[PDB]
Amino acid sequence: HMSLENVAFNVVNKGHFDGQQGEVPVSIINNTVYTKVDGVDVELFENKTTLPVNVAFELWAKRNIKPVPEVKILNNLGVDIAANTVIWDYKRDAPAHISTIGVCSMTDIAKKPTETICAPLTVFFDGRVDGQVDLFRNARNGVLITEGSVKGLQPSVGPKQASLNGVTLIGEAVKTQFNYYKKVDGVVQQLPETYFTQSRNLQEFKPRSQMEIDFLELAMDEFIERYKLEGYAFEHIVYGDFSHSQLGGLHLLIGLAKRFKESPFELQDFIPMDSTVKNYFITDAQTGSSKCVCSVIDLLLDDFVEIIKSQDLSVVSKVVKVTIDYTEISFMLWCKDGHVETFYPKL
């Protein structure tokens, strides 16, 4: 019973594909799907993907509408495909994964995740659905999330925030903190201690600690004096230097959020995807200071302090590996006479 006209019927009456029977008339013209309502044509969907318009439309209609992990997490853990669902990437207006399992006949490589073809792929399993936990046992490579514990397996506690219909949030009407589990070539693996990025916007930026509130409210000199941060180059690294043509430092998102209230500036996101580290092309409207590639990360300031304070300030240059969002980020550390010059994410 699967058809274009049926998919559209569901979208019109329910907002997403809900397995309802019915049809409505449809027009396809130039990567857009229209339908007729009271004699006039109405835009339902504009294809921004590399898939065919009608295939993309169907995958969108069947997108997951419960809280799910942010795509950067799933990428960091090496997830190749999802089991009997679709993770819509709202930053690319596209599917997170281009192949499917038991969802859409045009994109399916299999009907069930146990088929031989799936063995070499790392499959995503949602423990909230019935039968998925057992499929995760029996699977050769995979990733599993659950709300509660699963006896037999050691959990890793994930981040507090998740994505719900494109909105990243910390749920209180719904649970957004998951237990993570992973398997490689038939063997369960221990996940390392990790920090997590906070996934915040620049315009609707909110603090999440007393230190963050102090940072936003206080002046520069006062903040450094309290919390005793002399020699750690917060002037350069967090606050940022706008005195020369080349913009200096400015690698923590909170730093941008402070500057933005006082004096708006221009960001170009020339690689628009979800990442643990982001690169922006930044031009400061007040000064005319700019930089082509500016590496930015959103750590809780408290955690950034913890990371920098636990380093050796004796060496001139050093690469520092740190586990964030379940992956190794490299940082470059420069010191001079026992204080820091700079400390930034490597390219």
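Each residue number is its position in the shown sequence, starting from 1.
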Report summary line: Higher of the two mean Cα B-factors (319 to 327, 334 to 342; per PDB record) comes from 334 to 342
Report summary line: Mean B factor on CA atoms, stretches 196 to 204 and 146 to 154, record says higher is 146 to 154
Query - Residue, from 93, 269, 221, 80, that the PDB entry assigns the highest Cα B-factor - result: 221
**Report entry** Highest recorded Cα temperature factor - choice among 86, 273, 73, 129
**Finding:** 129
Query raised in the report: What third of its chain's C-alpha B-factors does residue 256 belong to: lowest, middle or highest?
Result: middle
Report summary line: So, residue 166's CA B-factor, relative to its chain, sits in which third? The lowest
**Report entry** Within-chain third of residue 97 by Cα B-factor, per the entry
**Finding:** lowest
Report summary line: On the chain's distribution of Cα B-factors, residue 124 falls within the third called lowest
Query raised in the report: Taking the entry's C-alpha B-factors for this chain, is residue 104 in the lowest, middle or highest third?
Result: lowest
